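Worksheet: the structure to be examined is printed underneath.
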Amino acid sequence: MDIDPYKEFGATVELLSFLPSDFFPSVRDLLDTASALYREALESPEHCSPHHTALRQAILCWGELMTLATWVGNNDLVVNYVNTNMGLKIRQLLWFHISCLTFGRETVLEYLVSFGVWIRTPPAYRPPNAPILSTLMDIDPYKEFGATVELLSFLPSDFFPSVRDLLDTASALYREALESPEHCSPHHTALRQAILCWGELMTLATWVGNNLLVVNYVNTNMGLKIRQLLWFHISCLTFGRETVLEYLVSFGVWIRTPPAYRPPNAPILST
Amino acid sequence: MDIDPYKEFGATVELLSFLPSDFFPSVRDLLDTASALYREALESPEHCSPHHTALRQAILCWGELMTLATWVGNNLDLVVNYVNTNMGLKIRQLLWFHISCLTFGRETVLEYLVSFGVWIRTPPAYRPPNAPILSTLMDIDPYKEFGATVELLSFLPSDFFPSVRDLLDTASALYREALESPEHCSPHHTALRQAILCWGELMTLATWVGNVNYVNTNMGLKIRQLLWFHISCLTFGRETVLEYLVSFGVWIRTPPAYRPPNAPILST
Amino acid sequence: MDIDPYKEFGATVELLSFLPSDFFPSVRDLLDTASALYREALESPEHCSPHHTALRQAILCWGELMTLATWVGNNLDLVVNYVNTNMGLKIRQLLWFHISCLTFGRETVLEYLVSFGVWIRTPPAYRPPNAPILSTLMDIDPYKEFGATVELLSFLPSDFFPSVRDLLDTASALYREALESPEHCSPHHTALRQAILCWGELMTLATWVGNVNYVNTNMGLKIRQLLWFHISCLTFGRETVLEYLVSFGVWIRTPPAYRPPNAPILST
């Protein structure tokens, strides 16, 4: 399934490859820019802008990535490879949303074009200096959706279906909605990054075993966090948001009771 | 989950560290003050103030810490100087704070801990020898204020309740934003805060007693009866579990081959 | 420029010499009082009182002085008695004043410093043995109440701020009738009186230690940031310098051969 992380905002991935490779800041201060500007707005229980919902995943997908690289770092060429192709996508994804929140969306969309033609003209027949952009931290991944990380661990660990058929439910119902250039929901824009976070995670896992069992390690630490992040958004896109949140309460306290004093069927989601 | 016992009243457990460890009276002198001033208020079926709702679970927790200390005192002197060093020192802070808020009002005590906070902080050459003091102005059913009695809830069998770790993780998953919030929001929310900290005292002791696990057989039931009740009064309402306990009462009392084979189910 | 820390708040420096040296509680016992009562308001990003702005810088002045005293303990016990006599005692007054002015109000402390005057002036055969004590009504971001953070000002490089003598001469030439006045007139002036006086204590300690040129690259840089930010907040306004700080952020983060070679100068 094709999915584009910038296409709902107005740019494409092709427009973000227009600028050169070594233009975007190295990803140490792009996190430190968001930590210094609106750390209190990313950690808020609101999703007040669609750049904020996409930024809370791209930060956590970088955190979900480096723990995999350090684990195969202990068992180096495996951290040196992330900055080649795996972290260059995150450097673009963090720069585009920080600049969207600071300087507006339509200003930076015309900046990507104006810097691109500036670096491509000959030196003597261009403006002498580049047209600069200036106008002159723990994150719960679904705190803004009401639930908490503890509430999704209230359910048993071997309850959520596998990633192989969770994406198949996304690829059978929400394909035209996820590939559309509109947001249409805060659940959709959190689900577009949730597939690419698993997609960029899978290309690293089938690289470190290919060149140098990492499939066991990714499917018990990082596979469990993707299995519930996909399941929470698919179920909110199907049965509504304020039916799944009462379902974790209902299915939570159902399994805590003794079996002779609970109704015998689990309260499964249906309409 | 880490809850503060005084947070909903306007003081912190670090703010009561202004007072020294031996400023508080003995536990008998604090119980006799409540028995002389507020005996009839802690029996009556009305939670007339949120200090009364928390003073009952501070007394009944001491009623379980002393039956535990008496039981290990013969089935091995070394337990009573440990209970009255940190297990009973927290109860003395809890008993002193709620009685002094009941007589002198809450707002006077919140300025008294600060007025003591400048007396003990000044050096002895420049502080008055008159320490600051306040002069301005028994059985307890743990949920008779909520409607049900303890013998009304004894009809439920011992295996009806979930385990104590399953009930701590139920309140922590459902409402930890309300149990750590600095307001009351319910009398069940007041009583559930000290019901969890009472289990902390029973487990900090029983771990140290091991350095044998009958505490879950008799003392773990009364926490599980209280943890299930106050959770179900917030998940379903007060009257929905109050009319459930009557309807379980006629089911458990009839002999077999005259009852439905499935127990009644609390929902909606 | 002879600036005064208490003259804005009503008292003077010599009026606080009514109290003796060994009356103030220790710097350990004063910071435990501040964090117990005012931690949700001292770390808050608001301007809640001018006592809070003076207290936010008084803790970080001691937090920078104790780093220097710990640093000189290695690269040479003989400095702890110095930093408790001259500094210490000078910062125990500023911590005692703003904690007691926050708690008991500002006008009660000014009638208390007079009332300890009459108790200390009388001969000992006629004064009461009790002191007339008053009882009736953690990390801090020094920029957070103004809008900026510490890490927002880490983007500016170390060769960007002028030297301390060039930045103190800018103060006494531009703002001297407003700094020496007994009015606040801004939250920036109150935060600027403490940054100048904290540099007076750092250069006093650094002189006696040399009786050490790292002060202006580990601790003087923090003074060079604080003196630059508050002078620019008064000269160009507060919103303009906070808007310029995000425009230096997108400049200093872009690599060379992609940024304009001229830095985005502060204007207006």
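Each chain in the structure tokens gets a letter, A, B, ..., in the order shown, and its residues are numbered from 1; ligands are numbered from 1 in order too.
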- Contacts of range 128-131 of chain B at 12 Å (only C-alpha atoms; same-chain gap of 3+ positions) as a PyMOL selection string: (chain B and resi 19+23+112-113+115-125+134) or (chain C and resi 128-135)
- What does the C-alpha RMSD come to when chain C is least-squares superposed onto chain B, all C-alpha atoms paired in sequence order? 0.4 Å
- Task: Return as number ranges by chain the residues belonging to chain A that are within 9 Å of chain B, counting only C-alpha atoms.
- Result: A: 148, 150-154, 249, 252-253, 256-258, 260-263
- Hey, what's within 7 Å of range 35-37 of chain C if we count only C-alpha atoms and toss same-chain stuff fewer than 3 positions away? As JSON, numbers by chain, please? {"B": [14, 15], "C": [31, 32]}
Can those selected residues be exported to a file as a PDB file, in the first residue's frame so that it contains N, CA and C atoms?
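After the write, again_7.pdb holds the following:
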ATOM      1  N   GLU B  14       5.318  16.329  52.165  1.00  0.00           N
ATOM      2  CA  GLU B  14       6.583  17.012  52.396  1.00  0.00           C
ATOM      3  C   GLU B  14       6.383  18.249  53.261  1.00  0.00           C
ATOM      4  N   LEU B  15       5.189  18.844  53.216  1.00  0.00           N
ATOM      5  CA  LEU B  15       4.890  20.008  54.039  1.00  0.00           C
ATOM      6  C   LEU B  15       4.678  19.635  55.500  1.00  0.00           C
TER       7      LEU B  15
ATOM      8  N   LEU C  31      15.912  26.556  51.341  1.00  0.00           N
ATOM      9  CA  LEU C  31      15.479  26.012  50.063  1.00  0.00           C
ATOM     10  C   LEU C  31      14.494  24.867  50.246  1.00  0.00           C
ATOM     11  N   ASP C  32      14.555  24.167  51.381  1.00  0.00           N
ATOM     12  CA  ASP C  32      13.531  23.174  51.678  1.00  0.00           C
ATOM     13  C   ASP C  32      12.192  23.829  51.966  1.00  0.00           C
TER      14      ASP C  32
END
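When CA of residue 76 in chain A is paired with CA of residue 212 in chain A, their separation reads 10.1 Å.
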- Message: Using only C-alpha atoms, can you tell me which of C:50, C:25, C:45, C:210 comes closest to chain B?
- Response: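 For chain B, the nearest of the given residues is C:25.
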- Can you list, as a PyMOL selection string, all residues belonging to range 18-180 of chain A that DSSP tags as helix (DSSP H, G or I)? chain A and resi 21-23+29-37+39-42+50-74+82-103+105-118+123-125+149-154+163-172
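When the distance limit is 7 Å and only C-alpha atoms are what count, the residues near range 194-205 of chain A, minus those fewer than 5 positions from it on the same chain, are residues 61, 65, 86, 214, 215 and 230 of chain A.
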- With a distance cut-off of 12 Å and only C-alpha atoms, select the neighbouring residues of residue 216 in chain B, excluding the residue or stretch itself and same-chain residues fewer than 3 positions from it, and output the selection as a PyMOL selection string. chain B and resi 68+158-159+162-165+199+202-203+206+212-213+219-225
Please produce a file of those selected residues containing C-alpha atoms, as a tab-separated table (two decimals), in the first residue's frame.
chain	number	residue	atom	x	y	z
B	68	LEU	CA	-1.19	-7.96	62.33
B	158	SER	CA	-14.30	-14.95	49.33
B	159	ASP	CA	-13.62	-15.81	45.68
B	162	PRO	CA	-10.61	-10.00	42.13
B	163	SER	CA	-7.09	-10.21	43.47
B	164	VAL	CA	-5.60	-7.17	45.17
B	165	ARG	CA	-3.11	-6.53	42.36
B	199	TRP	CA	-2.53	-1.62	51.67
B	202	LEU	CA	0.24	-3.86	55.20
B	203	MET	CA	2.72	-4.78	52.46
B	206	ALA	CA	4.71	-8.08	55.71
B	212	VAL	CA	3.61	-16.94	56.53
B	213	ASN	CA	1.51	-15.13	53.93
B	219	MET	CA	-6.57	-8.92	56.04
B	220	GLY	CA	-6.34	-9.03	52.26
B	221	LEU	CA	-10.08	-9.67	52.07
B	222	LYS	CA	-11.07	-6.45	53.84
B	223	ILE	CA	-8.95	-4.46	51.41
B	224	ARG	CA	-10.40	-6.44	48.49
B	225	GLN	CA	-13.92	-5.87	49.82
- Quick one: pull the distance between CA of residue 26 in chain A and CA of residue 6 in chain A, Å, one decimal. 19.9 Å
- Query: In terms of the shortest atom-to-atom distance over only C-alpha atoms, which of B:268, B:108, B:211, B:70 is closest to chain C?
  - Reply: B:108
- Query: In terms of the shortest atom-to-atom distance over only C-alpha atoms, which of C:248, C:18, C:24, C:146 is closest to chain B?
  - Reply: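 Under the stated criterion, the closest residue is C:24.
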